[PDB]
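A.B. asks: Questions regarding the structure given below will be posed in turn.
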Amino acid sequence: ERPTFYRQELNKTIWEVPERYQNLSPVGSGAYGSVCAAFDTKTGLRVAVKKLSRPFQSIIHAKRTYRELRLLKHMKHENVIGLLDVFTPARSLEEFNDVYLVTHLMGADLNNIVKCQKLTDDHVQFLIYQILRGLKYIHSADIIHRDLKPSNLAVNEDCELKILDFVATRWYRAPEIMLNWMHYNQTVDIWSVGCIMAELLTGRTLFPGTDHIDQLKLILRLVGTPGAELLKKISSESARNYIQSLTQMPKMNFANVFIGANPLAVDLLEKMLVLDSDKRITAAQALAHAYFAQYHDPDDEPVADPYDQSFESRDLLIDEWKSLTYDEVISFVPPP
Ligand SMILES: CN1CCN(c2cc(-c3ccncc3)c(-c3ccc4ccccc4c3)nn2)CC1
Ligand SMILES: CN1CCN(c2cc(-c3ccncc3)c(-c3ccc4ccccc4c3)nn2)CC1
Ligand SMILES: Fc1ccc(-c2n[nH]cc2-c2ccncc2)cc1
Ligand SMILES: [Cl-]
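Sequence positions in the sequence shown follow the entry's author numbering and run 4 to 169, 183 to 352.
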């Protein structure tokens, strides 16, 4: 049945967890929750435990908590962060106030590595391959990450990588988002991967915009201003007006700009950093690119089971979201 919990204070934050998790030590605190590293006595593993912050403070938080838990329960893939456990010290629904999440402890993030070292081409291949392999899986479930950036990619000393949260976010954001298009597709993530890869190859942020306008200017400076086919797809009169009012600029030659890099890496960047999102390479297609010949195995790049996102369009009471979250905590089945 229920296990025994113990209590402690870590950085002005209260942590009430089962006895199986020991030696809690803070790893960091996000705007959405705090994280502690710990030892899982039952498995002999190092784990990271995240305590959600104010999970049911409002309808927005409640829905976000539910979303997070449903997503995490669904993700089962080597390159996507998954759930080893989820628990609450509450014995019933009426006293339900806190949600704790548990996953494999990861030593660092990709931002921590690119700052210290400049990666070899072999490392760039394996890291990007892993990102795409994870993204193929996520995209197959009709999910869009939307916020890929180095700091959201967890990496261990072994160069194994996992996508988390599914250096300014803005720098890795697709241009169509800077234009406020409300019908962007899963290819916004491919754009972010392009930005991440370029940075791994050159050691420098590809588009360090200071605001949305500047960000767009830096982008068009590299890939050129929109051609006629892309202009026809812009419904926003003001955005269309703005873009056409800019001084036209030609697409730069990627081979010149990234000269020194492996020509295959360059070819791929060019397929990812396409201005028109309908023409960007998909994660599945990218995995087959010759740049990943040493890693690509079509029989081991799985797709996800269907993911029901219908709850996203629902308008429920806080207690309803809280109760749905509770059922999801109770029905959780740990991995093998
Ligand atoms: C109130 N009693 C029972 C609960 N307590 C526990 C339980 C465990 C435990 C852990 C995992 N599964 C079941 C029970 C442990 C425990 C069990 C094993 C451990 C191994 C290495 C280091 C610390 C360890 C702590 N300690 N107190 C305190 C005394
Ligand atoms: C700037 N980045 C830094 C790292 N971030 C993280 C890291 C982790 C983490 C840390 C260490 N090992 C594994 C993961 C987590 C984290 C920590 C614990 C988790 C438990 C269950 C499910 C997901 C979890 C995610 N969140 N943001 C986001 C902000
Ligand atoms: F300047 C730009 C930058 C990006 C785009 C863009 N790429 N893919 C889709 C779009 C787009 C942007 C706005 N509205 C529809 C489509 C269009 C113009
Ligand atoms: Cl954090």
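Idealized CB from N, CA, C, for every residue including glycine.
1) Quick one: which unbroken beta strand (DSSP E) runs of 3-plus residues sit fully inside the stretch 26-105? Chain order, please.
2) Give me the Cα-Cα distance between residue 340 and residue 65, rounded to the nearest whole angstrom.
3) Straight-line CA distance for residue 241 to residue 30?
4) Please work out which residues of its chain come closer than 6 Å, Cβ to Cβ, to residue 78, disregarding the five sequence neighbours upstream and downstream, and give them in chain order.
5) Measure the Cβ-Cβ separation of residue 50 and residue 102 and say whether it is below 8 Å.
6) Nearer than 7 Å: is that true of the beta carbon of residue 46 relative to any heavy atom of ligand 1?
7) Count the other CB atoms within 10 Å of the CB of residue 151; is the residue buried (16 or more) or exposed (fewer)?
8) For the candidate residues 76, 69, 17, 107, whose alpha-carbon lies nearest to that of residue 40?
9) For residue 165, does the three-state DSSP call read helix, strand or coil?
10) Buried or exposed for residue 243, going by 16 or more other Cβ atoms inside 10 Å?
11) Are the beta-carbon atoms belonging to residue 204 and residue 193 less than 8 Å from one another?
12) Would you call residue 327 buried or exposed, if buried means 16 or more other Cβ atoms sit within 10 Å of its Cβ?
13) Could you check if residue 25 belongs to the surroundings of ligand 1, using beta carbon to heavy atom distance under 7 Å?
14) State the beta-bridge partners of residue 8 as determined by DSSP.
15) Look at the alpha carbon of residue 234 and the alpha carbon of residue 221, and state the distance between them as a whole number of angstroms.
16) If you pair each beta-carbon of the stretch 312-326 with each one of the stretch 133-153, do three or more pairs fall below 8 Å?
17) Check the C-beta distance from residue 166 over to residue 148 and give it rounded, since I have them as a contact under 8 Å.
18) Give me the pocket residues for ligand 4, defined as CB within less than 6 Å of any heavy atom, sorted by chain position.
19) Run through DSSP, which three-state label would residue 262 get?
20) Can you give the beta carbon distance from residue 245 to residue 292, rounded, assuming they're within the 8 Å contact cut?
21) Which first and last residues belong to the beta strand (DSSP E) in which residue 156 is found?
22) Examine ligand 3 and report whether any of its heavy atoms sits within less than 7 Å of the Cβ of residue 252.
23) For residue 197 and residue 225, which I take to be in contact (beta-carbon distance under 8 Å), what is that distance rounded to the nearest angstrom?
24) Based on DSSP bridge pairs, tell me the residues matched to residue 182.
25) Here's a check: name, in chain order, each residue in its chain whose Cβ is nearer than 6 Å to the Cβ of residue 16, leaving out the five neighbours to either side.
26) Which same chain residues end up closer than 8 Å to residue 271 when comparing Cβ atoms and leaving out the 5 residues on each side of it in sequence?
27) Consider the C-beta atom of residue 192 and the heavy atoms of ligand 3; say whether any pair is separated by less than 7 Å.
28) Do you know offhand how far residue 120's Cα is from residue 96's?
29) Alpha carbon to alpha carbon, how far is residue 153 from residue 115? Give it in angstroms, no decimals.
30) Taking the alpha-carbon of residue 82 as reference, which of 63, 8, 159 has the nearest alpha-carbon?
C.D. replies: Considering the structure as presented:
1) 36-43, 48-55, 88-90
2) 10 Å
3) 43 Å
4) 85
5) no
6) Relative to ligand 1, even the nearest heavy atom lies 7 Å or more away from the CB of residue 46.
7) buried
8) 107
9) Strand at residue 165.
10) exposed
11) yes
12) By the neighbour-count rule (16 or more Cβ atoms within 10 Å), residue 327 is not buried but exposed.
13) A heavy atom of ligand 1 is found nearer than 7 Å to the CB of residue 25.
14) The partner list for residue 8 (beta bridge, DSSP) reads 21.
15) Residue 234 and residue 221: Cα-Cα distance of roughly 11 Å.
16) Output reads yes: the stretch 133-153 touches the stretch 312-326.
17) The pair is a contact, with the Cβ atoms about 7 Å apart (cut-off 8 Å).
18) 31, 32, 33, 38
19) coil
20) 7 Å
21) 156-158
22) Using a cutoff of 7 Å, the CB of residue 252 counts as near ligand 3, since one of the ligand's heavy atoms is closer than that.
23) The Cβ separation is near 17 Å, so there is no contact.
24) Residues lacking coordinates in the chain include everything strictly between 169 and 183, among them residue 182.
25) 37
26) The answer, listed in chain order, is 279, 282.
27) yes
28) Taking the straight line joining both Cα atoms gives about 49 Å.
29) 8 Å
30) Between residue 82 and the set 63, 8, 159, the nearest pair of CA atoms involves 159.
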